[PDB]
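Quick note: numbers below take in every heavy atom, side chains included, and nothing from hydrogens, waters or symmetry partners. The first residue of the sequence shown is numbered 1, and numbering continues consecutively from there.
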Amino acid sequence: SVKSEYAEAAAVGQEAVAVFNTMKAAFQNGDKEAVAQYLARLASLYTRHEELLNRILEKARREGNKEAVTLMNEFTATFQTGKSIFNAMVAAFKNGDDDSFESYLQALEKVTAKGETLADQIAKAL
Ligand SMILES: O=C(O)c1ccc(Cl)cc1
């Protein structure tokens with residue numbers, strides 16, 4: 001159901017957290033080769049999560065689930081903010097700008113955490 005599809009989306013989000021934290025570690029340690037591979041992994045995760053999120057949103061819409069639609073619209077907007085910062089980070093990595101990479105790493109953390117207390121409102125609304 002929409003709810004099993006949400007637990008699958010939540011698990012991909014958790015896969016991103018795990019990989020992001022091992023990417024941050026590699027960045028701090030200077031292992032650019034690893035960072036490069038982690039950024040590719042995280043790109044695919046974002047893409048996969050965004051597709052699971054769109055299917056959940058469209059499903060909630062077809063189901064007339066107004067509250068779920070409101071919360072999903074708010075969550076995906078925030079999700080997109082994190083994606084846009086991620087893309088800026090990838091660009092900082094290609095350009096050799098470590099000052100910006102570190103900054104984006106931090107802002108992407110704060111934007112992802114903020115979107116968490118809502119993630120547990122969607123779950124109960126679907
Ligand atoms: O899909 C997510 O939740 C997600 C994906 C990628 C990053 Cl870097 C951070 C969060």
For this session: Could you walk me through whether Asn54 and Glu58 pass the side-chain contact (heavy atoms from CB on, under 4.5 Å) test, one step at a time?
Result: CA-CA 6 Å; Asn54 284 350; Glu58 294 146 16; 3.7 Å; yes

Problem set entry | Derivation and outcome, salt bridge (charged side-chain N to carboxylate O under 4.0 Å, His left out), residues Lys24 and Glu109 | CA-CA 11 Å; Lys24 174 193 217 165; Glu109 294 172 303; 2.8 Å; yes

For this session: Please collect all salt bridge (charged side-chain N to carboxylate O under 4.0 Å, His left out) contacts where either partner lies in residues 60-70, sequence neighbours excluded, each pair once.
Result: none

Problem set entry | Atom pair CE (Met23) and CG (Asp31), whose distance is rounded to the nearest 0.5 Å | 12.5 Å

Seminar exercise, completed: So OG1 of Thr78 and NZ of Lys114: to nearest 0.5 Å the spacing works out to 10.5 Å

For this session: With rounding to the nearest 0.5 Å, note down the distance linking CD in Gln37 to CG in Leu42.
Result: 12.0 Å

Exercise. Going by heavy atoms in the side chains, are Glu5 and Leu52 under 4.5 Å from each other?
Worked result: no

For this session: Kindly say whether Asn73 contributes a backbone atom to a donor-acceptor pair with the side chain of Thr76 at under 3.5 angstrom?
Result: yes

For this session: Step by step, work out the side-chain contact (heavy atoms from CB on, under 4.5 Å) result for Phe101 and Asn95.
Result: CA-CA 10 Å; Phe101 195 101; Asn95 283 337; over 6 Å; no

For this session: Decide yes or no for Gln121 and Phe75: does some side-chain heavy atom of the first lie under 4.5 Å from some side-chain heavy atom of the second?
Result: no

Exercise. Can you list every salt bridge (charged side-chain N to carboxylate O under 4.0 Å, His left out) pair that touches residues 89-105, not counting sequence neighbours?
Worked result: none

For this session: Mind running side-chain contact (heavy atoms from CB on, under 4.5 Å) on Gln80 and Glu50 for me, showing each step along the way?
Result: CA-CA 9 Å; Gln80 286 299 341; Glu50 175 183 347; 3.6 Å; yes

Exercise. Do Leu39 and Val17 share a hydrophobic cluster (ILVMFWY, side-chain heavy atoms under 4.5 Å, transitive)?
Worked result: no

Problem set entry | From CA spacing to verdict: side-chain contact (heavy atoms from CB on, under 4.5 Å), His49, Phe79 | CA-CA 10 Å; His49 200 187; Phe79 176 88; 3.6 Å; yes

Exercise. How long is the gap from CD on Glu8 to CD1 on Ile56, to the nearest 0.5 Å?
Worked result: 8.0 Å

Problem set entry | Heavy-atom check, side chain of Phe20 versus side chain of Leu108, under 4.5 Å | yes

Problem set entry | Results of salt bridge (charged side-chain N to carboxylate O under 4.0 Å, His left out) for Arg55 - residues two or more places apart only | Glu51

Exercise. Taking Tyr46 for the side chain and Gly82 for the main chain, is one N or O donor matched with an acceptor at less than 3.5 Å?
Worked result: yes

Problem set entry | Between NZ on residue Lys3 and CG on residue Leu126, distance to nearest 0.5 Å | 7.0 Å

For this session: Find the distance between OG (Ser103) and CE (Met89) and round it off to the nearest 0.5 Å.
Result: 11.0 Å

